[PDB]
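Colleague: Quick one: the structure is below, and I'll ask about it shortly.
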Amino acid sequence: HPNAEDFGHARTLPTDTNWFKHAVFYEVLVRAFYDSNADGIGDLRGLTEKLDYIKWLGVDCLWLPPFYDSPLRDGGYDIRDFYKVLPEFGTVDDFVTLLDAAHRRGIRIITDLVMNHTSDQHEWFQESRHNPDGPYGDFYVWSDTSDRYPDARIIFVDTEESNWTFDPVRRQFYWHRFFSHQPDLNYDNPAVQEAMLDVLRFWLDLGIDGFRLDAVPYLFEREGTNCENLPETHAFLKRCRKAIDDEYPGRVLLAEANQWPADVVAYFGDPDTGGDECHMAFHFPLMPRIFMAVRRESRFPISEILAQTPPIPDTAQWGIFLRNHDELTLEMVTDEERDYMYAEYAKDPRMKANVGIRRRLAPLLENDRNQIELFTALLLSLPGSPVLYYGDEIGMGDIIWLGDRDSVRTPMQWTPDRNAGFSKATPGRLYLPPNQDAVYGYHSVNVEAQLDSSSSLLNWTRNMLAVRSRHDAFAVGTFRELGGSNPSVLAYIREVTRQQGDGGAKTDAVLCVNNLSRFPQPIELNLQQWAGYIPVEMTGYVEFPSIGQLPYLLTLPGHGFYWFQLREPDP
Amino acid sequence: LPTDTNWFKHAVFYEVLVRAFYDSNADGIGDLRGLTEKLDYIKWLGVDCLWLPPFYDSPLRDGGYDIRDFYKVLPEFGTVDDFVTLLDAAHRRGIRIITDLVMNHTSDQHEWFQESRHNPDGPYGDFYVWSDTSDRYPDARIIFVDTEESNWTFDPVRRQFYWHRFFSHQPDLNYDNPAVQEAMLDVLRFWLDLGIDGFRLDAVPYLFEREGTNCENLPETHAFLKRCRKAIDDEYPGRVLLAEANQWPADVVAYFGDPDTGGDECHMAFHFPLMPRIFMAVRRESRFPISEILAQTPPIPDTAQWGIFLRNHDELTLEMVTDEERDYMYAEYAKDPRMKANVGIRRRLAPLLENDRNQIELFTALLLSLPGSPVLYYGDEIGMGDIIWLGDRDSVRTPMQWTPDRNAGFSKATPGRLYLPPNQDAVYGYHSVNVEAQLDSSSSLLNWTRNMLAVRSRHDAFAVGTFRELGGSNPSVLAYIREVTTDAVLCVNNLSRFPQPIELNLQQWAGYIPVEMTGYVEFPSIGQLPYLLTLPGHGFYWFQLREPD
Ligand SMILES: [Ca+2]
Ligand SMILES: [Ca+2]
Ligand SMILES: [Cl-]
Ligand SMILES: [Cl-]
Ligand SMILES: [Cl-]
Ligand SMILES: [Cl-]
Ligand SMILES: [Cl-]
Ligand SMILES: [Cl-]
Ligand SMILES: [Cl-]
Ligand SMILES: [Mg+2]
Ligand SMILES: [Mg+2]
């Protein structure tokens, strides 16, 4: 393994143990964003050059999917070397340069790190199968039979015949929860635990701001269990958090656990220490419920998942995003016993058609601009830290035929020029082609075309992000659902607890009202506790009538929404 | 159709995918009824026989080469009744139909395999090749070496290993079981009874395995092929068997069978190295890669015929044929950046030639005048492009581009429901490349291609004539005569991008008048002095050698 010493490191931002609670994340693939060297493939230097756009957009942290050395048989989630970037993307030094440049603009970077397994091309595995009594002999999970752990499901049931695969060289079976070319690491071997902690430290020494830890529920296996969410798995996660907070204060760990929210709460750790595992975890059912709330023109699927979500440690934060599937497994989270909408998804033909396929926001919503704004408003005002996916801010489409994941991984559309301005290479050499249809194609949909008009989706999104950044209640406020006469309208207030040396718009309460119906709707709200306050609409700053003792009437167009600052009255 | 045991020697074939040609029912997928509705186009183009890749019921994990039921049409294409409708409509127009039939293996979803694994003591227990170990047949290479760790896979239900030369979801049939041989003969008869004109038999070199061998081309494999030919000969005279053997031509001749009988296995087999050699001949501006491959091809039985096509890869395995010992061009392909970029990917003719119309015409002229029965691939006649990102095979399987309308006129469905999207780029997109746009001008690639087919059809020499390479002063020009005995044709082809002169010794035909076949202009009669022909870069001429009064 390389040592971090022989590379540069990035200059660390000032320590801020709460930064991730206030952050808007931007998931961007290195391969897709910008090709600076005309090989048809996006690269680290290209991403570095585009930091000006990212800063202008106003996001706080980049989230990079895996960019490590890999044969790319499973999208790069099959890792061949944890210490090396895929050569086509650049080198470790290019990553340090990117980190420094990002940090200069106050922008942080996290990346995906797959903890559960490596590619079978990883040298640990080649040594494990060729030299069984060597130091890597027990780095993986080996057996003379395929009978162990029978209660564990096969995740990729239509592709893999078993969770055990017979290796022709070692003549024993090895365990894999994912594809056969992704052998599971043996976490019962303390050398494996130390090796993986050393991986985290390598990137942290370089200066990375954190990781999304992938496939963590599957680390340990035990007979008599379904081999997910085991005590020893959480124990290892506590080691990661301990190392993180002791040696690198102010960094973050995000858990990718595609489970019902009550079940992922455990991944934040012990409530009594304030949380001692992951700082963040994703709330996967939110988008499916929002999607269904709109289809149904009813607030309840949204009201319900929020009400039923258990409280989490003070230190912790949910991550939220506008996708219906986990990118690792392409599964939508559900629960037969605890999801009242369990059987309802299969009854919606749009939902049904896209089962197991990642889709971008605009295509999910049939390019309806009003709905894109509504879903985006919800993403930016509901509790949690939001993740925007690259290209959704201009309304990019997808290309489903490229694959279940690759559908959403086509080049960023910068201009209406050749290759959408992503590359100077010949089109036949692009890693994937840009969208070329009349609706989503780069001749029509690109950054340059949207920069001019204040009314473009890009400019609208950038303004919404700016507004959000100026109001703390969106990031760390309480959540109070207001109910109301009309079931088609979701209304809530978010409040800051307010301690010492504050008082201003930044800490004033906020009121959000969202119409899930396609038709204009009235709603009368009981806001009597805020009698005398003045609702000020956030985008145009117009003062609405002061709140009284009577119900407050707001009227919304189809799929419309309003955000108001609740200003304290003048004495 | 009235029996005509030589029809395949005179045929031009047209490989057309049911899924890609025409969607008549607006589900976004091409279908048999749709293909039937486009037969007038196929007749007008002038081809003689359709070649349909597998259209059987299948989970489509390996492009439909993974068959779930040999007796059933994939439901989205229609049913056996739609297939008979297609057959009758084609025959009415004098067009025949052959199809791919995978003989070596089935999908693991096939009911035979599910019975084999669940009920080992039952009648299907020995329908596949099972073993307690993965040690047998170690000399057989793994075809898909980057994907399959072994030719043996452990089945979790039966708890034994089964053999597969292809992907793990394609278990090999056990041809040492006599019931397997009878079941597969019965598949042949089922489609022949419906009226199909023949089959391309796929993966046949791999039927039998034997210890101490590489498990290809075994004598028992050829013995089973003889059973297939005999069944055809005895029960369905006038039908054809084509072999898909991606091997050096010398090795392929075995698939025509015993020369002493006039051939007792396949009627046809493919000459795979032809396109790679033509491609390199043009890259090097030398006739030699073509001259040599033809000269080194052994004689085949007189009732047999080579099939030829303008592709560098076999569609089953995505491999280009070669031979370390017998191919002088063996190390040369890797030195060509065009060949190197496209390794393991099917590409259409226009993209292979960077859309150079002169070269498209040159390669097509060679395809239509060299010895063998040519196969045209659907869409090449209008210059369609491909979409490589769709997959190594799906690259060339996008919808036929009929018009510049929505979905290229292939379907009325919404674009997001199409099985694959049409080309949409500035060069190959359906807004500029489509049948409708080319129908009008006599100078379109489509009308040029149609005219060349019409010309070829009027000269038996192209189909069954002898082949005499004329040599000549200039190594950049390939000249030859095709002759049958009363019909003699002279073909001259410029492999150089620049204009070239060639002086030919045509003394044997002195007095004859060369008549150029497209404009019918009479050229100077052949004398005792060498005949000078001058060609533009990548040009060609076809001449009928007419007897003097
Ligand atoms: Ca594990
Ligand atoms: Ca076999
Ligand atoms: Cl990437
Ligand atoms: Cl995800
Ligand atoms: Cl999704
Ligand atoms: Cl098909
Ligand atoms: Cl059927
Ligand atoms: Cl082929
Ligand atoms: Cl090809
Ligand atoms: Mg690049
Ligand atoms: Mg159809």
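How things are named: the first chain in the structure tokens is A, the next is B, and so on; residues count from 1 in each chain; ligands count from 1 in the order shown.
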Residues within 12 Å of region 320-326 of chain B, please, as a PDB file with N, CA, C and O atoms, in the first residue's frame. Count only C-alpha atoms; anything in the same chain fewer than 5 positions from it doesn't count.
Modeller:
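As a result, result-v1.pdb now contains:
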ATOM      1  N   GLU B 244     -22.633 -22.713 -38.590  1.00  0.00           N
ATOM      2  CA  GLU B 244     -21.922 -21.596 -37.974  1.00  0.00           C
ATOM      3  C   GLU B 244     -20.688 -22.161 -37.268  1.00  0.00           C
ATOM      4  O   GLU B 244     -20.741 -22.541 -36.097  1.00  0.00           O
ATOM      5  N   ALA B 245     -19.584 -22.261 -37.997  1.00  0.00           N
ATOM      6  CA  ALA B 245     -18.322 -22.678 -37.396  1.00  0.00           C
ATOM      7  C   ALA B 245     -17.312 -21.572 -37.602  1.00  0.00           C
ATOM      8  O   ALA B 245     -16.839 -21.357 -38.721  1.00  0.00           O
ATOM      9  N   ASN B 246     -16.981 -20.874 -36.522  1.00  0.00           N
ATOM     10  CA  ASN B 246     -16.078 -19.732 -36.599  1.00  0.00           C
ATOM     11  C   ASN B 246     -14.642 -20.240 -36.597  1.00  0.00           C
ATOM     12  O   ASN B 246     -13.917 -20.056 -35.629  1.00  0.00           O
ATOM     13  N   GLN B 247     -14.242 -20.885 -37.691  1.00  0.00           N
ATOM     14  CA  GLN B 247     -12.922 -21.503 -37.770  1.00  0.00           C
ATOM     15  C   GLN B 247     -12.244 -21.148 -39.069  1.00  0.00           C
ATOM     16  O   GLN B 247     -12.893 -20.713 -40.018  1.00  0.00           O
ATOM     17  N   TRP B 248     -10.931 -21.341 -39.113  1.00  0.00           N
ATOM     18  CA  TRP B 248     -10.179 -21.160 -40.347  1.00  0.00           C
ATOM     19  C   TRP B 248     -10.801 -22.018 -41.446  1.00  0.00           C
ATOM     20  O   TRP B 248     -11.283 -23.118 -41.169  1.00  0.00           O
ATOM     21  N   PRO B 249     -10.835 -21.506 -42.689  1.00  0.00           N
ATOM     22  CA  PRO B 249     -11.592 -22.167 -43.758  1.00  0.00           C
ATOM     23  C   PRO B 249     -11.216 -23.634 -43.979  1.00  0.00           C
ATOM     24  O   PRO B 249     -12.093 -24.443 -44.273  1.00  0.00           O
ATOM     25  N   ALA B 250      -9.937 -23.962 -43.837  1.00  0.00           N
ATOM     26  CA  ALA B 250      -9.474 -25.332 -44.033  1.00  0.00           C
ATOM     27  C   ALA B 250     -10.159 -26.284 -43.052  1.00  0.00           C
ATOM     28  O   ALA B 250     -10.496 -27.417 -43.408  1.00  0.00           O
ATOM     29  N   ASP B 251     -10.350 -25.821 -41.817  1.00  0.00           N
ATOM     30  CA  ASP B 251     -11.013 -26.608 -40.776  1.00  0.00           C
ATOM     31  C   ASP B 251     -12.530 -26.710 -40.976  1.00  0.00           C
ATOM     32  O   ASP B 251     -13.173 -27.652 -40.504  1.00  0.00           O
ATOM     33  N   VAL B 252     -13.100 -25.732 -41.669  1.00  0.00           N
ATOM     34  CA  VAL B 252     -14.548 -25.671 -41.827  1.00  0.00           C
ATOM     35  C   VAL B 252     -15.049 -26.665 -42.871  1.00  0.00           C
ATOM     36  O   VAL B 252     -16.182 -27.159 -42.778  1.00  0.00           O
ATOM     37  N   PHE B 270     -20.074 -20.762 -43.273  1.00  0.00           N
ATOM     38  CA  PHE B 270     -19.568 -19.403 -43.472  1.00  0.00           C
ATOM     39  C   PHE B 270     -18.049 -19.281 -43.576  1.00  0.00           C
ATOM     40  O   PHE B 270     -17.300 -19.956 -42.871  1.00  0.00           O
ATOM     41  N   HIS B 271     -17.624 -18.409 -44.482  1.00  0.00           N
ATOM     42  CA  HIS B 271     -16.218 -18.068 -44.670  1.00  0.00           C
ATOM     43  C   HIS B 271     -15.900 -16.808 -43.863  1.00  0.00           C
ATOM     44  O   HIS B 271     -15.935 -15.695 -44.385  1.00  0.00           O
ATOM     45  N   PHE B 272     -15.579 -16.997 -42.589  1.00  0.00           N
ATOM     46  CA  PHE B 272     -15.396 -15.878 -41.671  1.00  0.00           C
ATOM     47  C   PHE B 272     -14.224 -14.913 -41.947  1.00  0.00           C
ATOM     48  O   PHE B 272     -14.364 -13.706 -41.711  1.00  0.00           O
ATOM     49  N   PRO B 273     -13.077 -15.413 -42.456  1.00  0.00           N
ATOM     50  CA  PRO B 273     -11.941 -14.487 -42.599  1.00  0.00           C
ATOM     51  C   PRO B 273     -12.059 -13.502 -43.746  1.00  0.00           C
ATOM     52  O   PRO B 273     -11.182 -12.636 -43.858  1.00  0.00           O
ATOM     53  N   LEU B 274     -13.076 -13.632 -44.593  1.00  0.00           N
ATOM     54  CA  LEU B 274     -13.164 -12.818 -45.806  1.00  0.00           C
ATOM     55  C   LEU B 274     -13.181 -11.312 -45.515  1.00  0.00           C
ATOM     56  O   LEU B 274     -12.388 -10.567 -46.082  1.00  0.00           O
ATOM     57  N   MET B 275     -14.084 -10.858 -44.646  1.00  0.00           N
ATOM     58  CA  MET B 275     -14.162  -9.427 -44.345  1.00  0.00           C
ATOM     59  C   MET B 275     -12.893  -8.869 -43.682  1.00  0.00           C
ATOM     60  O   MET B 275     -12.398  -7.827 -44.104  1.00  0.00           O
ATOM     61  N   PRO B 276     -12.361  -9.556 -42.652  1.00  0.00           N
ATOM     62  CA  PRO B 276     -11.092  -9.057 -42.108  1.00  0.00           C
ATOM     63  C   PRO B 276      -9.996  -8.906 -43.176  1.00  0.00           C
ATOM     64  O   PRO B 276      -9.226  -7.949 -43.129  1.00  0.00           O
ATOM     65  N   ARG B 277      -9.934  -9.823 -44.133  1.00  0.00           N
ATOM     66  CA  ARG B 277      -8.930  -9.722 -45.192  1.00  0.00           C
ATOM     67  C   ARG B 277      -9.238  -8.602 -46.183  1.00  0.00           C
ATOM     68  O   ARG B 277      -8.327  -7.912 -46.639  1.00  0.00           O
ATOM     69  N   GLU B 292      -4.826 -14.216 -51.290  1.00  0.00           N
ATOM     70  CA  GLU B 292      -4.281 -15.323 -50.523  1.00  0.00           C
ATOM     71  C   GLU B 292      -5.365 -16.130 -49.807  1.00  0.00           C
ATOM     72  O   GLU B 292      -5.296 -17.357 -49.762  1.00  0.00           O
ATOM     73  N   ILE B 293      -6.370 -15.454 -49.250  1.00  0.00           N
ATOM     74  CA  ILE B 293      -7.382 -16.170 -48.479  1.00  0.00           C
ATOM     75  C   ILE B 293      -8.232 -17.037 -49.408  1.00  0.00           C
ATOM     76  O   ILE B 293      -8.631 -18.148 -49.044  1.00  0.00           O
ATOM     77  N   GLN B 296      -5.994 -20.034 -50.785  1.00  0.00           N
ATOM     78  CA  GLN B 296      -5.719 -21.035 -49.758  1.00  0.00           C
ATOM     79  C   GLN B 296      -6.962 -21.760 -49.234  1.00  0.00           C
ATOM     80  O   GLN B 296      -6.853 -22.671 -48.419  1.00  0.00           O
ATOM     81  N   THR B 297      -8.137 -21.358 -49.699  1.00  0.00           N
ATOM     82  CA  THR B 297      -9.373 -22.050 -49.332  1.00  0.00           C
ATOM     83  C   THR B 297      -9.515 -23.345 -50.134  1.00  0.00           C
ATOM     84  O   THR B 297      -9.547 -23.314 -51.360  1.00  0.00           O
ATOM     85  N   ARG B 311     -18.826  -8.759 -42.147  1.00  0.00           N
ATOM     86  CA  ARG B 311     -18.656  -8.588 -40.703  1.00  0.00           C
ATOM     87  C   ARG B 311     -17.339  -9.207 -40.238  1.00  0.00           C
ATOM     88  O   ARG B 311     -16.865 -10.200 -40.808  1.00  0.00           O
ATOM     89  N   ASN B 312     -16.763  -8.620 -39.193  1.00  0.00           N
ATOM     90  CA  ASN B 312     -15.493  -9.086 -38.653  1.00  0.00           C
ATOM     91  C   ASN B 312     -15.641 -10.008 -37.457  1.00  0.00           C
ATOM     92  O   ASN B 312     -14.649 -10.513 -36.938  1.00  0.00           O
ATOM     93  N   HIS B 313     -16.876 -10.218 -37.004  1.00  0.00           N
ATOM     94  CA  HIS B 313     -17.107 -11.028 -35.809  1.00  0.00           C
ATOM     95  C   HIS B 313     -18.301 -11.949 -35.981  1.00  0.00           C
ATOM     96  O   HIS B 313     -19.288 -11.594 -36.628  1.00  0.00           O
ATOM     97  N   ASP B 314     -18.184 -13.131 -35.385  1.00  0.00           N
ATOM     98  CA  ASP B 314     -19.271 -14.093 -35.265  1.00  0.00           C
ATOM     99  C   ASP B 314     -20.253 -13.529 -34.236  1.00  0.00           C
ATOM    100  O   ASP B 314     -19.836 -13.050 -33.190  1.00  0.00           O
ATOM    101  N   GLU B 315     -21.550 -13.566 -34.528  1.00  0.00           N
ATOM    102  CA  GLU B 315     -22.538 -12.956 -33.632  1.00  0.00           C
ATOM    103  C   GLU B 315     -22.809 -13.719 -32.336  1.00  0.00           C
ATOM    104  O   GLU B 315     -23.313 -13.143 -31.373  1.00  0.00           O
ATOM    105  N   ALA B 331      -0.591 -11.252 -36.842  1.00  0.00           N
ATOM    106  CA  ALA B 331      -0.091 -10.192 -35.970  1.00  0.00           C
ATOM    107  C   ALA B 331      -0.421  -8.793 -36.486  1.00  0.00           C
ATOM    108  O   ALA B 331      -0.193  -7.799 -35.794  1.00  0.00           O
ATOM    109  N   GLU B 332      -0.957  -8.723 -37.701  1.00  0.00           N
ATOM    110  CA  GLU B 332      -1.175  -7.444 -38.381  1.00  0.00           C
ATOM    111  C   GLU B 332      -2.435  -6.686 -37.943  1.00  0.00           C
ATOM    112  O   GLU B 332      -2.465  -5.451 -37.957  1.00  0.00           O
ATOM    113  N   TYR B 333      -3.468  -7.426 -37.556  1.00  0.00           N
ATOM    114  CA  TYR B 333      -4.729  -6.820 -37.137  1.00  0.00           C
ATOM    115  C   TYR B 333      -4.544  -5.862 -35.958  1.00  0.00           C
ATOM    116  O   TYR B 333      -5.158  -4.802 -35.911  1.00  0.00           O
ATOM    117  N   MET B 339      -9.163  -1.706 -36.527  1.00  0.00           N
ATOM    118  CA  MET B 339      -9.435  -3.067 -36.056  1.00  0.00           C
ATOM    119  C   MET B 339      -9.351  -3.134 -34.535  1.00  0.00           C
ATOM    120  O   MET B 339     -10.197  -3.745 -33.887  1.00  0.00           O
ATOM    121  N   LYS B 340      -8.332  -2.497 -33.962  1.00  0.00           N
ATOM    122  CA  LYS B 340      -8.109  -2.583 -32.516  1.00  0.00           C
ATOM    123  C   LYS B 340      -9.264  -2.012 -31.692  1.00  0.00           C
ATOM    124  O   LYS B 340      -9.670  -2.597 -30.688  1.00  0.00           O
ATOM    125  N   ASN B 342     -12.402  -1.825 -32.348  1.00  0.00           N
ATOM    126  CA  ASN B 342     -13.661  -2.555 -32.469  1.00  0.00           C
ATOM    127  C   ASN B 342     -13.593  -4.034 -32.112  1.00  0.00           C
ATOM    128  O   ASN B 342     -14.515  -4.793 -32.403  1.00  0.00           O
ATOM    129  N   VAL B 343     -12.499  -4.442 -31.475  1.00  0.00           N
ATOM    130  CA  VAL B 343     -12.353  -5.827 -31.037  1.00  0.00           C
ATOM    131  C   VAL B 343     -13.531  -6.269 -30.162  1.00  0.00           C
ATOM    132  O   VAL B 343     -13.812  -5.659 -29.127  1.00  0.00           O
ATOM    133  N   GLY B 344     -14.230  -7.316 -30.595  1.00  0.00           N
ATOM    134  CA  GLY B 344     -15.302  -7.899 -29.804  1.00  0.00           C
ATOM    135  C   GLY B 344     -16.640  -7.178 -29.881  1.00  0.00           C
ATOM    136  O   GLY B 344     -17.543  -7.458 -29.084  1.00  0.00           O
ATOM    137  N   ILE B 345     -16.772  -6.267 -30.842  1.00  0.00           N
ATOM    138  CA  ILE B 345     -18.005  -5.500 -31.015  1.00  0.00           C
ATOM    139  C   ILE B 345     -18.515  -5.610 -32.454  1.00  0.00           C
ATOM    140  O   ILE B 345     -17.762  -5.335 -33.387  1.00  0.00           O
ATOM    141  N   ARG B 346     -19.784  -5.986 -32.649  1.00  0.00           N
ATOM    142  CA  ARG B 346     -20.366  -5.927 -33.991  1.00  0.00           C
ATOM    143  C   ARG B 346     -20.565  -4.470 -34.393  1.00  0.00           C
ATOM    144  O   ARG B 346     -21.055  -3.673 -33.598  1.00  0.00           O
TER     145      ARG B 346
END
Colleague: With a distance cut-off of 7 Å and only C-alpha atoms, select the neighbouring residues of residue 389 (chain A), excluding the residue or stretch itself and same-chain residues fewer than 6 positions from it, and output the selection as an NGL selection string.
Modeller: :A and (26-28)
Colleague: Which chain A residues are at most 10 Å from chain B (counting only C-alpha atoms), as an MDAnalysis selection string?
Modeller: chainID A and resid 73 146:147 159:162 164:169 171 180:181 353 399:403 427:433 435:438 441
Colleague: Please, which residues have at least one atom within 8 Å of an atom of ligand 3, using only C-alpha atoms and all ligand atoms, listed as a CSV table (one decimal) with N, CA, C and O atoms, in the first residue's frame?
Modeller:
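The result, stored in part_3.csv:
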chain,number,residue,atom,x,y,z
A,28,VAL,N,-22.1,13.8,-7.8
A,28,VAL,CA,-21.5,14.0,-9.2
A,28,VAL,C,-20.5,12.9,-9.5
A,28,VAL,O,-19.6,12.7,-8.7
A,29,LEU,N,-20.7,12.3,-10.6
A,29,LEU,CA,-19.7,11.2,-11.0
A,29,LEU,C,-18.5,11.9,-11.8
A,29,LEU,O,-18.7,12.6,-12.7
A,30,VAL,N,-17.3,11.5,-11.3
A,30,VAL,CA,-16.1,12.0,-12.0
A,30,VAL,C,-16.2,11.7,-13.5
A,30,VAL,O,-15.8,12.5,-14.3
A,31,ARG,N,-16.6,10.5,-13.9
A,31,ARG,CA,-16.6,10.1,-15.3
A,31,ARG,C,-17.5,10.9,-16.1
A,31,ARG,O,-17.3,11.0,-17.3
A,32,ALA,N,-18.5,11.6,-15.5
A,32,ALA,CA,-19.6,12.2,-16.2
A,32,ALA,C,-19.5,13.7,-16.3
A,32,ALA,O,-20.1,14.3,-17.2
A,42,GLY,N,-14.6,11.6,-18.3
A,42,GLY,CA,-14.5,12.7,-17.3
A,42,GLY,C,-13.4,12.4,-16.4
A,42,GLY,O,-13.1,11.2,-16.1
A,64,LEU,N,-18.9,12.0,-4.4
A,64,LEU,CA,-18.4,11.3,-5.5
A,64,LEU,C,-18.6,9.8,-5.3
A,64,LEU,O,-18.2,9.2,-4.3
A,65,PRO,N,-19.3,9.2,-6.3
A,65,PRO,CA,-19.4,7.7,-6.3
A,65,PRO,C,-18.0,7.1,-6.5
A,65,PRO,O,-17.1,7.9,-6.8
A,66,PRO,N,-17.8,5.8,-6.3
A,66,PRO,CA,-16.5,5.2,-6.3
A,66,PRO,C,-15.6,5.6,-7.5
A,66,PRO,O,-16.1,5.5,-8.7
A,67,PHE,N,-14.4,6.0,-7.3
A,67,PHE,CA,-13.5,6.4,-8.3
A,67,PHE,C,-12.2,5.6,-8.2
A,67,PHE,O,-11.2,6.0,-8.9
A,76,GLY,N,-18.1,0.1,-10.7
A,76,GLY,CA,-17.0,0.7,-9.9
A,76,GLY,C,-17.2,0.4,-8.4
A,76,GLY,O,-16.4,0.7,-7.6
A,89,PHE,N,-9.2,8.5,-14.6
A,89,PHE,CA,-9.6,9.6,-13.9
A,89,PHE,C,-8.5,10.6,-13.4
A,89,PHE,O,-8.7,11.7,-13.1
Colleague: Can you tell me which residues come within 7 Å of ligand 2 when counting only C-alpha atoms and all ligand atoms, ideally as a PyMOL selection string?
Modeller: chain B and resi 104-105+165+172-174+206-209
Colleague: Give me, as a list in words, all polymer residues having an atom no more than 8 Å from residue 107 (chain A), counting only C-alpha atoms and skipping those fewer than 2 positions away in the same chain.
Modeller: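 Counting only C-alpha atoms, the residues come to residues 55, 59, 60, 61, 62, 102, 103, 104, 105 and 109 of chain A.
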Colleague: Could those selected residues go to a file with N, CA, C and O atoms, as a PDB file, in the first residue's frame?
Modeller:
ATOM      1  N   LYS A  55     -19.630  26.115  -7.236  1.00  0.00           N
ATOM      2  CA  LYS A  55     -19.713  27.232  -6.288  1.00  0.00           C
ATOM      3  C   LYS A  55     -20.867  28.167  -6.633  1.00  0.00           C
ATOM      4  O   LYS A  55     -21.645  28.549  -5.756  1.00  0.00           O
ATOM      5  N   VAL A  59     -23.992  24.709  -3.820  1.00  0.00           N
ATOM      6  CA  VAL A  59     -23.983  23.499  -3.003  1.00  0.00           C
ATOM      7  C   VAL A  59     -22.745  23.485  -2.106  1.00  0.00           C
ATOM      8  O   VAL A  59     -21.742  24.134  -2.406  1.00  0.00           O
ATOM      9  N   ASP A  60     -22.825  22.752  -1.000  1.00  0.00           N
ATOM     10  CA  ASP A  60     -21.804  22.820   0.045  1.00  0.00           C
ATOM     11  C   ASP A  60     -20.818  21.655   0.058  1.00  0.00           C
ATOM     12  O   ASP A  60     -19.706  21.774   0.585  1.00  0.00           O
ATOM     13  N   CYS A  61     -21.219  20.518  -0.500  1.00  0.00           N
ATOM     14  CA  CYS A  61     -20.368  19.335  -0.464  1.00  0.00           C
ATOM     15  C   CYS A  61     -20.611  18.467  -1.693  1.00  0.00           C
ATOM     16  O   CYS A  61     -21.767  18.214  -2.044  1.00  0.00           O
ATOM     17  N   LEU A  62     -19.528  18.036  -2.342  1.00  0.00           N
ATOM     18  CA  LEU A  62     -19.601  17.081  -3.450  1.00  0.00           C
ATOM     19  C   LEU A  62     -19.675  15.688  -2.857  1.00  0.00           C
ATOM     20  O   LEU A  62     -18.976  15.382  -1.883  1.00  0.00           O
ATOM     21  N   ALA A 102     -11.373  22.740  -4.042  1.00  0.00           N
ATOM     22  CA  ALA A 102     -12.722  22.733  -3.472  1.00  0.00           C
ATOM     23  C   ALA A 102     -12.718  23.467  -2.123  1.00  0.00           C
ATOM     24  O   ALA A 102     -13.573  24.310  -1.856  1.00  0.00           O
ATOM     25  N   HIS A 103     -11.735  23.158  -1.289  1.00  0.00           N
ATOM     26  CA  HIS A 103     -11.648  23.775   0.035  1.00  0.00           C
ATOM     27  C   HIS A 103     -11.470  25.294  -0.031  1.00  0.00           C
ATOM     28  O   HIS A 103     -12.033  26.018   0.791  1.00  0.00           O
ATOM     29  N   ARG A 104     -10.721  25.771  -1.026  1.00  0.00           N
ATOM     30  CA  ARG A 104     -10.584  27.216  -1.263  1.00  0.00           C
ATOM     31  C   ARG A 104     -11.918  27.932  -1.433  1.00  0.00           C
ATOM     32  O   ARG A 104     -12.065  29.080  -1.013  1.00  0.00           O
ATOM     33  N   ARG A 105     -12.887  27.260  -2.049  1.00  0.00           N
ATOM     34  CA  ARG A 105     -14.201  27.850  -2.277  1.00  0.00           C
ATOM     35  C   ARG A 105     -15.184  27.467  -1.172  1.00  0.00           C
ATOM     36  O   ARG A 105     -16.394  27.683  -1.308  1.00  0.00           O
ATOM     37  N   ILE A 109     -15.747  17.599   0.205  1.00  0.00           N
ATOM     38  CA  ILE A 109     -15.916  16.424  -0.654  1.00  0.00           C
ATOM     39  C   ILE A 109     -16.037  15.154   0.178  1.00  0.00           C
ATOM     40  O   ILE A 109     -15.199  14.901   1.034  1.00  0.00           O
TER      41      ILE A 109
END
Colleague: What residues in region 123-273 of chain A get the DSSP label alpha helix (DSSP H)? Please answer as a PyMOL selection string.
Modeller: chain A and resi 123-130+190-206+231-247+261-264
